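For reference, model_17.cif (mmCIF, C-alpha atoms and all ligand atoms):
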```cif
data_work
loop_
_atom_site.label_atom_id
_atom_site.label_comp_id
_atom_site.auth_asym_id
_atom_site.auth_seq_id
_atom_site.Cartn_x
_atom_site.Cartn_y
_atom_site.Cartn_z
CA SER A 5 56.05 247.70 -28.67
CA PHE A 6 59.26 248.62 -30.65
CA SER A 7 58.97 248.21 -34.40
CA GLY A 8 61.29 248.42 -37.39
CA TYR A 9 64.46 247.62 -35.42
CA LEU A 10 67.33 245.65 -36.87
CA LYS A 11 68.69 242.98 -34.53
CA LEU A 12 72.47 243.37 -33.96
CA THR A 13 73.00 240.90 -31.10
CA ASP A 14 70.90 238.79 -28.69
CA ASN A 15 70.00 241.99 -26.75
CA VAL A 16 70.93 245.02 -28.92
CA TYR A 17 68.59 246.43 -31.60
CA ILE A 18 69.01 249.52 -33.80
CA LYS A 19 66.80 251.83 -35.88
CA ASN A 20 67.30 255.06 -37.85
CA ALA A 21 64.92 257.24 -35.88
CA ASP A 22 64.62 260.38 -33.85
CA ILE A 23 64.56 259.17 -30.24
CA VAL A 24 62.00 261.94 -29.44
CA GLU A 25 59.57 260.58 -32.06
CA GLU A 26 60.30 256.97 -30.98
CA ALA A 27 59.59 257.88 -27.37
CA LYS A 28 56.30 259.70 -28.18
CA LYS A 29 55.03 256.72 -30.17
CA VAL A 30 56.26 253.80 -28.03
CA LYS A 31 56.07 255.45 -24.56
CA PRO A 32 58.68 252.94 -23.28
CA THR A 33 59.29 252.15 -19.63
CA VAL A 34 62.71 253.82 -19.89
CA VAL A 35 64.09 256.36 -22.30
CA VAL A 36 67.79 257.17 -21.87
CA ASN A 37 68.89 260.77 -22.04
CA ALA A 38 72.42 261.73 -23.13
CA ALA A 39 72.85 263.93 -20.08
CA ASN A 40 75.65 266.08 -18.71
CA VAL A 41 76.59 266.18 -14.97
CA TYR A 42 74.51 269.32 -14.42
CA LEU A 43 71.42 267.93 -16.18
CA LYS A 44 71.45 271.09 -18.35
CA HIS A 45 69.48 269.83 -21.36
CA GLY A 46 70.54 272.43 -23.91
CA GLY A 47 71.18 270.59 -27.12
CA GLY A 48 71.66 267.24 -28.80
CA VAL A 49 69.41 264.43 -27.55
CA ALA A 50 68.99 266.17 -24.16
CA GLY A 51 67.77 269.44 -25.68
CA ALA A 52 65.41 267.57 -27.97
CA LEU A 53 63.93 265.34 -25.19
CA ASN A 54 63.59 268.35 -22.90
CA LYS A 55 61.84 270.44 -25.61
CA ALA A 56 59.37 267.52 -26.14
CA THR A 57 58.46 267.73 -22.41
CA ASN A 58 57.74 271.50 -22.74
CA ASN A 59 60.76 272.07 -20.37
CA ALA A 60 59.23 269.92 -17.57
CA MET A 61 62.33 267.69 -17.74
CA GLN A 62 64.60 270.72 -17.10
CA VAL A 63 62.43 271.97 -14.18
CA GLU A 64 62.52 268.52 -12.58
CA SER A 65 66.29 268.24 -13.27
CA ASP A 66 67.09 271.62 -11.67
CA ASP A 67 65.24 270.52 -8.50
CA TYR A 68 67.21 267.24 -8.56
CA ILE A 69 70.58 269.08 -8.87
CA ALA A 70 69.57 271.61 -6.16
CA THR A 71 69.00 268.67 -3.79
CA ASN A 72 71.71 266.20 -4.86
CA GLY A 73 74.46 268.07 -6.65
CA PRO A 74 75.88 267.06 -10.01
CA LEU A 75 76.15 263.53 -11.33
CA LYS A 76 79.53 261.89 -11.98
CA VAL A 77 80.76 261.39 -15.60
CA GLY A 78 79.83 257.70 -16.14
CA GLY A 79 76.91 257.98 -13.71
CA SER A 80 73.17 258.23 -13.94
CA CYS A 81 69.94 259.08 -12.20
CA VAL A 82 66.36 258.00 -12.77
CA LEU A 83 63.82 260.78 -13.14
CA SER A 84 60.33 261.02 -14.68
CA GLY A 85 59.89 260.29 -18.37
CA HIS A 86 57.11 262.94 -18.52
CA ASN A 87 55.13 262.53 -21.81
CA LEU A 88 57.91 260.38 -23.37
CA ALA A 89 58.35 257.37 -21.10
CA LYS A 90 57.54 256.10 -17.58
CA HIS A 91 61.13 257.00 -16.59
CA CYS A 92 64.06 258.83 -18.00
CA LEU A 93 67.46 257.40 -17.20
CA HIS A 94 69.82 260.38 -17.46
CA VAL A 95 73.21 258.90 -18.28
CA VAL A 96 76.42 260.90 -18.47
CA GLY A 97 78.80 259.63 -21.08
CA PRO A 98 82.23 261.31 -21.30
CA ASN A 99 82.23 264.40 -23.49
CA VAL A 100 85.40 264.12 -25.59
CA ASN A 101 84.93 267.79 -26.70
CA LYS A 102 85.29 268.77 -22.98
CA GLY A 103 88.46 266.58 -22.67
CA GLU A 104 86.68 263.92 -20.62
CA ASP A 105 88.14 260.43 -20.36
CA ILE A 106 86.76 258.09 -23.14
CA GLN A 107 87.44 255.09 -20.85
CA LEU A 108 84.35 256.20 -18.82
CA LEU A 109 82.03 255.16 -21.68
CA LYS A 110 81.89 251.54 -20.44
CA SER A 111 80.93 252.80 -16.93
CA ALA A 112 78.19 254.95 -18.51
CA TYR A 113 76.76 251.94 -20.41
CA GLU A 114 76.79 249.84 -17.21
CA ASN A 115 73.91 251.99 -15.94
CA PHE A 116 71.69 250.41 -18.63
CA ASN A 117 72.05 247.01 -16.90
CA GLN A 118 69.79 248.19 -14.06
CA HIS A 119 66.80 248.26 -16.50
CA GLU A 120 65.34 245.24 -18.35
CA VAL A 121 64.50 247.23 -21.50
CA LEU A 122 65.51 250.71 -22.69
CA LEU A 123 65.07 253.07 -25.62
CA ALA A 124 68.46 254.81 -25.95
CA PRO A 125 70.83 256.87 -28.00
CA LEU A 126 74.52 255.93 -28.51
CA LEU A 127 76.33 257.38 -25.49
CA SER A 128 79.02 260.02 -26.07
CA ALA A 129 78.07 260.17 -29.79
CA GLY A 130 76.81 263.36 -31.54
CA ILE A 131 77.79 266.58 -29.82
CA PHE A 132 79.64 264.56 -27.11
CA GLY A 133 82.44 263.97 -29.67
CA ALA A 134 83.16 260.24 -29.46
CA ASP A 135 83.27 257.88 -32.45
CA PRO A 136 79.76 256.36 -32.72
CA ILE A 137 81.23 253.09 -34.09
CA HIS A 138 83.26 252.80 -30.85
CA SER A 139 80.13 253.70 -28.78
CA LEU A 140 78.12 250.89 -30.44
CA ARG A 141 80.97 248.44 -29.77
CA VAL A 142 81.08 249.41 -26.07
CA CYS A 143 77.28 249.17 -25.91
CA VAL A 144 77.14 245.62 -27.33
CA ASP A 145 80.07 244.52 -25.12
CA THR A 146 78.67 246.09 -21.90
CA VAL A 147 74.90 246.10 -21.91
CA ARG A 148 73.25 242.76 -21.15
CA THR A 149 69.66 244.03 -20.91
CA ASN A 150 67.45 244.77 -23.97
CA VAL A 151 68.56 248.04 -25.60
CA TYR A 152 66.73 249.65 -28.56
CA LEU A 153 69.10 252.20 -30.07
CA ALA A 154 67.73 255.14 -31.99
CA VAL A 155 70.28 256.70 -34.40
CA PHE A 156 69.02 260.04 -35.71
CA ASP A 157 71.41 260.39 -38.67
CA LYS A 158 70.55 258.03 -41.67
CA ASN A 159 74.09 258.05 -43.06
CA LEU A 160 75.58 257.24 -39.63
CA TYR A 161 72.94 254.50 -39.14
CA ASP A 162 73.97 252.86 -42.47
CA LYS A 163 77.67 253.08 -41.57
CA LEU A 164 76.95 251.61 -38.08
CA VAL A 165 75.05 248.64 -39.49
CA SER A 166 77.33 248.01 -42.48
CA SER A 167 80.48 248.20 -40.33
CA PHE A 168 79.13 246.16 -37.35
CA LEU A 169 81.34 243.20 -36.48
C1 LIG B 1 59.67 270.04 -32.88
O1 LIG B 1 61.03 270.34 -32.55
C2 LIG B 1 61.97 269.33 -32.62
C3 LIG B 1 63.25 269.64 -32.18
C4 LIG B 1 64.22 268.65 -32.14
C5 LIG B 1 63.91 267.35 -32.56
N1 LIG B 1 64.81 266.26 -32.49
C6 LIG B 1 66.17 266.26 -32.36
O2 LIG B 1 66.88 267.26 -32.42
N2 LIG B 1 66.64 264.99 -32.10
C7 LIG B 1 67.96 264.58 -31.91
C8 LIG B 1 68.24 263.23 -31.97
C9 LIG B 1 69.55 262.82 -31.82
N3 LIG B 1 70.57 263.66 -31.62
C10 LIG B 1 70.28 264.96 -31.54
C11 LIG B 1 69.00 265.47 -31.68
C12 LIG B 1 62.63 267.06 -33.01
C13 LIG B 1 61.66 268.04 -33.04
#
```
Just give me the structure of the file as structure tokens.
Amino acid sequence: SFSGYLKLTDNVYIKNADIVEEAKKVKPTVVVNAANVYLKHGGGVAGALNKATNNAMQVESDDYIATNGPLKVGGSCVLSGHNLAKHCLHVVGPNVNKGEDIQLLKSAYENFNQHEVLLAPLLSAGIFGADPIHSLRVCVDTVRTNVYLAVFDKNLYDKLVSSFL
């Protein structure tokens, strides 16, 4: 199971780790992808998870979009986890850099409540432009199921833990 995580709350845990490496080792039931509405996994967590699947995640995602159209900002879909997890929950947090509404971050985290345990990144953090301290706050105040957060950046991880209320 998950190892080396620091307990933040009754249901939220955190570790300084690359979510790709965490997924390959743990093979959780659900890994969350920091997706965009088009499921175009170019960079950030999405690009890294997709590269770990040898692009199988992108091929599956393009078929999903061809059939269903784009997701909503704040929405999600469940697809295969390929070699990383049983499932991948592709969640679209608002991209602040694209002028998307930050208030949609709570809606994005609500998707996690449909899964009893998840390996996840902080939504809307990184290249999505939101303040990761705010993302962690919304996570702890929204998600009720067991969430194991992987924070890639060591310095951000230390700031997140040391500043956690
Ligand atoms: C062998 O090629 C590799 C390429 C990329 C990664 N990981 C990576 O970029 N992870 C990431 C985590 C959080 N935010 C953004 C990115 C690992 C191996």
- Item | Between CA of residue 58 in chain A and CA of residue 71 in chain A, distance in Å (one decimal) |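 Separation of CA of residue 58 in chain A and CA of residue 71 in chain A: 22.2 Å.
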- Task: One decimal, Å: what's the distance from CA of residue 30 in chain A over to CA of residue 97 in chain A, could you say?
- Result: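 It comes out at 24.3 Å.
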Per residue of chain A within 12 Å of ligand LIG 1 (chain B), note the shortest atom pair and the distance in Å to one decimal, counting all atoms listed in the file, and order the rows by chain and increasing residue number, as a Markdown table.
```
| residue | atom | partner | partner_atom | distance |
| --- | --- | --- | --- | --- |
| A:20 | CA | B:LIG1 | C9 | 10.1 |
| A:21 | CA | B:LIG1 | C8 | 7.9 |
| A:22 | CA | B:LIG1 | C8 | 5.0 |
| A:23 | CA | B:LIG1 | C8 | 5.7 |
| A:24 | CA | B:LIG1 | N1 | 6.0 |
| A:25 | CA | B:LIG1 | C12 | 7.2 |
| A:26 | CA | B:LIG1 | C8 | 10.2 |
| A:27 | CA | B:LIG1 | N2 | 11.1 |
| A:28 | CA | B:LIG1 | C12 | 10.8 |
| A:36 | CA | B:LIG1 | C9 | 11.6 |
| A:37 | CA | B:LIG1 | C9 | 10.0 |
| A:38 | CA | B:LIG1 | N3 | 8.9 |
| A:39 | CA | B:LIG1 | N3 | 11.8 |
| A:45 | CA | B:LIG1 | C11 | 11.2 |
| A:46 | CA | B:LIG1 | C11 | 10.5 |
| A:47 | CA | B:LIG1 | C11 | 7.2 |
| A:48 | CA | B:LIG1 | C10 | 3.8 |
| A:49 | CA | B:LIG1 | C10 | 4.1 |
| A:50 | CA | B:LIG1 | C11 | 7.6 |
| A:51 | CA | B:LIG1 | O2 | 7.1 |
| A:52 | CA | B:LIG1 | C4 | 4.5 |
| A:53 | CA | B:LIG1 | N1 | 7.4 |
| A:54 | CA | B:LIG1 | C4 | 9.3 |
| A:55 | CA | B:LIG1 | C3 | 6.8 |
| A:56 | CA | B:LIG1 | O1 | 7.2 |
| A:57 | CA | B:LIG1 | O1 | 10.8 |
| A:58 | CA | B:LIG1 | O1 | 10.4 |
| A:124 | CA | B:LIG1 | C9 | 10.0 |
| A:125 | CA | B:LIG1 | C9 | 7.2 |
| A:126 | CA | B:LIG1 | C9 | 9.1 |
| A:127 | CA | B:LIG1 | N3 | 10.5 |
| A:128 | CA | B:LIG1 | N3 | 10.7 |
| A:129 | CA | B:LIG1 | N3 | 8.5 |
| A:130 | CA | B:LIG1 | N3 | 6.2 |
| A:131 | CA | B:LIG1 | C10 | 7.9 |
| A:132 | CA | B:LIG1 | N3 | 10.2 |
| A:136 | CA | B:LIG1 | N3 | 11.8 |
| A:153 | CA | B:LIG1 | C9 | 10.8 |
| A:154 | CA | B:LIG1 | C9 | 7.9 |
| A:155 | CA | B:LIG1 | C9 | 6.7 |
| A:156 | CA | B:LIG1 | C9 | 4.8 |
| A:157 | CA | B:LIG1 | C9 | 7.5 |
| A:158 | CA | B:LIG1 | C9 | 11.0 |
| A:160 | CA | B:LIG1 | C9 | 11.3 |
| A:161 | CA | B:LIG1 | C9 | 11.6 |
```
At a cut-off of 8 Å around the point (78.2, 254.9, -23.6) (file coordinates), what residues fall inside when counting all atoms listed in the file? I'd like the answer as a PDB file with C-alpha atoms, keeping the file's coordinate frame.
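File produced: result_5.pdb:
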```pdb
ATOM      1  CA  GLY A  97      78.800 259.630 -21.080  1.00  0.00           C
ATOM      2  CA  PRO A  98      82.230 261.310 -21.300  1.00  0.00           C
ATOM      3  CA  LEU A 108      84.350 256.200 -18.820  1.00  0.00           C
ATOM      4  CA  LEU A 109      82.030 255.160 -21.680  1.00  0.00           C
ATOM      5  CA  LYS A 110      81.890 251.540 -20.440  1.00  0.00           C
ATOM      6  CA  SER A 111      80.930 252.800 -16.930  1.00  0.00           C
ATOM      7  CA  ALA A 112      78.190 254.950 -18.510  1.00  0.00           C
ATOM      8  CA  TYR A 113      76.760 251.940 -20.410  1.00  0.00           C
ATOM      9  CA  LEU A 126      74.520 255.930 -28.510  1.00  0.00           C
ATOM     10  CA  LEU A 127      76.330 257.380 -25.490  1.00  0.00           C
ATOM     11  CA  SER A 128      79.020 260.020 -26.070  1.00  0.00           C
ATOM     12  CA  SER A 139      80.130 253.700 -28.780  1.00  0.00           C
ATOM     13  CA  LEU A 140      78.120 250.890 -30.440  1.00  0.00           C
ATOM     14  CA  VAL A 142      81.080 249.410 -26.070  1.00  0.00           C
ATOM     15  CA  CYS A 143      77.280 249.170 -25.910  1.00  0.00           C
TER      16      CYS A 143
END
```
With 6 Å added on each side, what axis-aligned box encloses every listed atom of range 148-153 of chain A? Give the centre and edge lengths in Å to one decimal, as JSON.
```
{"center_x": 70.0, "center_y": 247.5, "center_z": -25.5, "size_x": 18.5, "size_y": 21.4, "size_z": 21.2}
```
- Query: What is the CA of residue 114 in chain A-CA of residue 146 in chain A distance in Å, reported with one decimal?
  - Reply: 6.3 Å
- Item | Closest of A:102, A:135, A:123, A:167 to residue 18 in chain A - atom-to-atom distances counting all atoms listed in the file | A:123
- Closest of A:159, A:118, A:33, A:150 to residue 16 in chain A - atom-to-atom distances counting all atoms listed in the file: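 Between A:159, A:118, A:33, A:150, the residue approaching residue 16 in chain A most closely is A:150.
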- Message: Could you check the closest approach to residue 69 in chain A for each of A:95, A:89, A:100, A:41 and tell me which residue wins, using only C-alpha atoms?
- Response: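 Using only C-alpha atoms, the shortest distance to residue 69 in chain A belongs to A:41.
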- Task: Considering only C-alpha atoms, state which residue in the set A:133, A:103, A:85, A:73 is at the smallest distance from residue 35 in chain A.
- Result: A:85
- Task: Counting only C-alpha atoms, figure out which residue out of A:5, A:115, A:107, A:166 gets nearest to residue 148 in chain A.
- Result: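 Distance minimum relative to residue 148 in chain A lands on A:115.
Minimum distance to residue 94 in chain A across A:43, A:164, A:60, A:137 (counting all atoms listed in the file) occurs at A:43.
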- Task: With a distance cut-off of 8 Å and all atoms listed in the file, select the neighbouring residues of residue 17 in chain A, excluding the residue or stretch itself and same-chain residues fewer than 2 positions from it, and output the selection as a ChimeraX atom specification.
- Result: /A:9-13,15,19,150-153
